[PDB]
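Chains as they are written, first to last, in the authors' numbering: chain m, 2 to 111; chain j, 4 to 102; chain c, 2 to 205; chain n, 2 to 61; chain g, 7 to 76, 84 to 153; chain i, 5 to 132; chain s, 4 to 85. By construction, the Cβ of each residue, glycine as well, lies at the ideal position given by its N, Cα and C atoms. Written out below as structure tokens is the structure these notes cover.
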Amino acid sequence: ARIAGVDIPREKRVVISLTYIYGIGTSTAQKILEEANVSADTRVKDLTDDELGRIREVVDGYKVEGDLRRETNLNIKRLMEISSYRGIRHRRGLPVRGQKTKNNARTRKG
Amino acid sequence: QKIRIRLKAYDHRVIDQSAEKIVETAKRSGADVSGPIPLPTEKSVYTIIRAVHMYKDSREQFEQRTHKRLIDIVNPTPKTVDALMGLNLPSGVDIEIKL
Amino acid sequence: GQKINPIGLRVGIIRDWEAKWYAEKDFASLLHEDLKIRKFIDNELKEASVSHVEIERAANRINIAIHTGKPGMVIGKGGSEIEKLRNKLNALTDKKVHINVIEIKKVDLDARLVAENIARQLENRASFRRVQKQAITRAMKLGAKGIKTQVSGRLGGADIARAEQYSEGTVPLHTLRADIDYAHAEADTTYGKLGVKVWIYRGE
Amino acid sequence: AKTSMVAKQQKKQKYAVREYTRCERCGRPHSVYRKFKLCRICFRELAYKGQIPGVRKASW
Amino acid sequence: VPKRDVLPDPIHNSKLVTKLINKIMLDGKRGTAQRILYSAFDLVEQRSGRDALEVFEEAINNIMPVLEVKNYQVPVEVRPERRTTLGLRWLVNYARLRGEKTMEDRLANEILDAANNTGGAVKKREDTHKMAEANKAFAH
Amino acid sequence: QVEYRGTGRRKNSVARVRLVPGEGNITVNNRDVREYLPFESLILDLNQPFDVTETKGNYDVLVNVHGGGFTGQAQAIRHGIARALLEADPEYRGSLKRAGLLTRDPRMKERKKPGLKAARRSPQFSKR
Amino acid sequence: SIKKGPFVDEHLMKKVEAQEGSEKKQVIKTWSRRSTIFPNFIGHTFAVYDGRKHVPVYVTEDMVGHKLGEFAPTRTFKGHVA
RNA sequence: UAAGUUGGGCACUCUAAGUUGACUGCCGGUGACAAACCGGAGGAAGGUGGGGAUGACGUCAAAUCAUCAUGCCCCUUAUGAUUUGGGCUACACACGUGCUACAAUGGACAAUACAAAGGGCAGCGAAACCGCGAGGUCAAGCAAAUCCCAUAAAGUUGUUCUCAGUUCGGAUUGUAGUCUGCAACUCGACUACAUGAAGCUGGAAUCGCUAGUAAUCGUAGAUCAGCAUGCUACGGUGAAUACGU
RNA sequence: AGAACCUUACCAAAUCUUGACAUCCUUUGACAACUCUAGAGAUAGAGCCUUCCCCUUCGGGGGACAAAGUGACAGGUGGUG
């Protein structure tokens, strides 16, 4: 939303707001709290002038607006464009490392 | 100084008899023989399936007894060395003389 | 299984092990070397019907003791054949040996001896029934607290696997202070395999 | 079949790790003990035979 | 036949707390269950400030059933030990099913309401009463 | 002064209970019980020795204990205390036999049998 | 995963080197299970033996998301009706 | 002395082999007086204290000729066999087992404790350095109550998430690295990042548990050049329930 | 109680037919380590070396085999619990 990306929950803590959409994610919590200081001061949105001073710079390198989308789109474009030695197994739900699919329920498949 | 030994045989009777004769032979020509120090005597575990083609749940238990017995003798002398090397007819014991 | 060879449970309590040597992590070499002598034993088995052998491993020497059915020619007239057996064993096991032949208990009341006897008698086309009657008769004549011999397979030139048992006296199997001798043998003339397990109960 | 496996595991190997510790008296491929180089059933057979000086079951 | 009962309790005043610490001990963990039941103790002593013994005794004296059932259904007289055990089990069941916000607000509300002889506890009580009294046709 | 000795062995937990004169308290491994034993407000059971045995004159305790869990260690203190009270004078031996907590409980964790799993549950039945 | 850098067989490399010195060849009979994608195989063709018969597949310019070890599953129809 | 590292003893625990001991061995009552039954005392063990191996006769034409042997029939320039790829594991699927969550007894963060058992000679890698972690590198001791694998997790001490498909949750794939393997793709494991579906205790039916029990949370061993949600063994918290057939 | 190859019993290909392996007879003998080449590899050609080591009264045996001929054969995860 205002800070970055598309939409941010209101009156919430920063640690979940930065991970509500495509973004830095919460697995990098230790790294971001070591580098930056903007964290969950309290469960509501307390964004002030002191806040967002350097967290935007700390997370700047992680350009997540459409970067993952373009990466995945080009990957699947190569998959269905070039010989689909993985694309043939991508229809059945098999990863690069294999799954040995036996319980093919109706989640990934039609 | 001191001389210590380590014994490993798969039968506590042969080990006890061996320790007794070793201690007696060592003390025959001297004295100050430390007793047969017991050691925890760890074991092994072998699970063997009691079947050939099926029946994995039906298994059998095996193991390997590992008996350790330490006997020390202080003020070493060649006489106690000869007594120790006298005879080891129950060769199940693994006579490992140390210092 | 339902019934397991009782001498497996008996060993380690009242009776010693079949093969004996010093303990170390190099048990694979010792066992694979002992298997060669165990397989070689058949040469003396086929003529002397040796029951079994206790093999000992000294500091650098090997001691064995065979239970032959008769000592006269296993020891030779004056030692005409023991030396060549020792030499052959030394060559085969890549190590020397100290043969100490002892005659099995004078009475043919042991297990493996009579097991091989009845196996050969069956292979010689003799009625297993009459052989068993003679065996149990001489078993009770010699004096034994309990003796049974089972047979299984295609007896009497048939195509049906049947089993028989002929026991006598008190034979406590579930009891552990029994001091028994379980044996086994295999016999056939033209039909499959016919296994026999002779059991001896001598003293408690 | 296994009649050529008894020699294939004994014949030359293309690189360092190409073999399996099969049984010696037996030819059973699977369920082998590397300490004894014997299969699951062979160990039980010789233990019932009392060949190994190891102690019996039911000690715990 | 033997029960292997446990006498002592951190709060010696009531021995039902032994059953409490035993039943709330789900998933093999005791410390947090004992902590949350202490929190329930404190809050019930705080909300409508009174000693938790009286409110707990009211809960364990008003929610005790006298009609149960043991393809036929028959009312059966209840042993006091089984009656108390079933009451405590229902208390912990209400604690699970309420699913409120804090660790012990549900527990304290349950014990207070049962002491009031109102609420879902007495609702289940009258359900047992009327379901068993429906089965009296097999008593003769 | 005189110092008595006792020991407690249960649930593979052995407490070398040593009793000394004093106000009546313990030092588990030269440390207090409240924080060493997690969530151990159960010291009512541990002081039951003083409330039911030897009138109510509390006797200081020094305990060096290793092995077993903290609860098993705590119950192992009771056996040592009871043994020390026994060896103090045989007058209360019968009463302790009649007051419980004297007969050592041999109930420990037993062996694991084939057929169980991560949860110690017997195998299921061939349903449907 | 990855060890000794890129993994090769050191004999198919000899054939590719011999056939790449002159004008490039579009026919190469091979097994291609111990080889990886690397820039020296551009412009060539390989017949990877999936198990029944090796089938030639031409090398493209975008070999970042493909490996020459397998082009089609050795499980023909992948063992399924659809 | 940081610490049993050191001088001193085996006092305690523990440590392995002989010895008493729970055997009805005593009392009271019941019982045809007897056997036996009930209660008790002493007593750790009261009516075989607990757990484990030992599974009668036999039943299943139960399984194994694929441990091995094994009679007979067949190929024996192939029905034997040297080497390379895969394949026993494919999925509109179903099945049973096992693992993970549906949660705020909870998750996430920080200080903090309790265990036994097993293996170890070229293997077990002390400390330490580096790295985003996996792990890279160097390195101590030890043929073992010395030294290592190896830290016990829950739990105690404080905090946060505040009832949402959730700071629950990791199925799904993509990016870059690590151990072993010459080789990780059908075809090992792990890591750092991102993505975040279902699932908010489950219908008829349905399995397991009688006391240190279930349930839960950890540890070790084999399987291995490396690869265990499977197995075995060890350890921690630890309940009610059986009135009655 | 370890399926990437070896593993595996199947297919395809390169392939031999006393065969992959092993014994019995003989020409005989410590079993070939490493490289170049054709070959997907096998395998084959070679360079190279395996190379009486133990008794040896001079052989010989055995003892391994380098390759060969020989009749048996070996072999079947081919079948039959």
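Inter-residue CB distance, residue i and residue j (contact presumed, cutoff 8 Å)
| i | j | result |
| --- | --- | --- |
| i:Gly10 | i:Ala122 | Not quite, the Cβ-Cβ distance comes to about 38 Å (not below 8 Å), so this is no contact. |
| s:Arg36 | s:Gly72 | 6 Å |
| c:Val197 | c:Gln151 | 7 Å |
| i:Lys15 | i:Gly76 | 3 Å |
| m:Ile83 | s:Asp65 | 6 Å |
Chain c contact for residue i (CB, 9 Å cutoff)
| i | result |
| --- | --- |
| n:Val7 | no |
| n:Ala48 | yes |
Proximity test, Cβ basis, 9 Å: residue i and chain s
| i | result |
| --- | --- |
| m:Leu48 | no |
| m:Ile89 | yes |
| m:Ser18 | no |
| m:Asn104 | no |
Under the three-state DSSP convention, the category residue i falls into
| i | result |
| --- | --- |
| c:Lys85 | helix |
| c:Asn101 | coil |
| n:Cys24 | coil |
| c:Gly154 | strand |
| n:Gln52 | coil |
| i:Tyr96 | helix |
| g:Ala150 | helix |
| residue 1 of chain c | Residue 1 of chain c lies beyond the range of chain c shown here (2 to 205); nothing can be said about it. |
| g:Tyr107 | helix |
| c:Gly196 | strand |
| s:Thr79 | helix |
Below-9 Å beta-carbon distance, residue i vs any chain j residue
| i | result |
| --- | --- |
| residue 206 of chain c | Summary: the structure shown does not reach residue 206 of chain c, with chain c confined to residues 2 through 205, and so no result is reported for it. |
| n:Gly51 | no |
| residue 233 of chain c | No information on residue 233 of chain c is available, as it lies outside the stretch 2 to 205 that chain c covers here. |
| n:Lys3 | no |
Minimum Cβ-Cβ distance from residue i to chain n less than 9 Å
| i | result |
| --- | --- |
| c:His33 | yes |
| j:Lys71 | no |
| j:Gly95 | yes |
| j:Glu66 | yes |
Residue-level contact to chain g via CB, residue i, 9 Å cutoff
| i | result |
| --- | --- |
| i:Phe54 | no |
Range of the contiguous beta strand (DSSP E) that encloses residue i
| i | result |
| --- | --- |
| j:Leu42 | Where j:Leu42 is concerned, there is no enclosing beta strand (DSSP E), given that its DSSP letter is neither H nor E. |
| i:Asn68 | 65-70 |
| residue 3 of chain j | Residue 3 of chain j is absent from the structure shown; chain j starts at 4 and stops at 102. |
| g:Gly133 | From DSSP, g:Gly133 is part of no beta strand (DSSP E) but of the alpha helix (DSSP H) over 133-147. |
| i:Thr11 | 8-14 |
| s:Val60 | 58-61 |
Any chain i beta carbon closer than 9 Å to residue i
| i | result |
| --- | --- |
| g:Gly100 | no |
| g:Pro16 | yes |
| g:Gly37 | yes |
Unbroken alpha helix (DSSP H) run spanning residue i, endpoints
| i | result |
| --- | --- |
| c:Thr69 | First-last for c:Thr69: 63-69, but that is the beta strand (DSSP E), not the alpha helix (DSSP H). |
| i:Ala88 | 74-92 |
| c:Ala120 | 113-124 |
| m:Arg90 | 88-92 |
is_contact[residue i, chain m] using C-beta, thresh 9 Å
| i | result |
| --- | --- |
| s:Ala50 | no |
| s:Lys70 | yes |
Problem set entry | Cβ-based contacts, 8 Å cut-off: residues of the region 7-27 of chain j near chain c | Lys11, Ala12, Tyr13, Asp14
For this session: For the region 32-44 of chain n, enumerate the residues whose C-beta is nearer than 9 Å to any C-beta of chain c, in chain order.
Result: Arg35, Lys36, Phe37, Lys38, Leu39
Problem set entry | Contacting positions in the region 31-63 of chain j - beta carbon closer than 7 Å to chain n | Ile51, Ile52, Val55, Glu63
Problem set entry | Against chain n: residues of the region 94-107 of chain c by CB proximity under 8 Å | none
Exercise. Just by C-beta distance, which residues in the region 64-80 of chain m are closer than 8 Å to chain s?
Worked result: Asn76, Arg79, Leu80
Exercise. According to a CB-to-CB cut-off of less than 7 Å, which residues of the region 18-29 of chain n neighbour chain c?
Worked result: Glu25, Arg26
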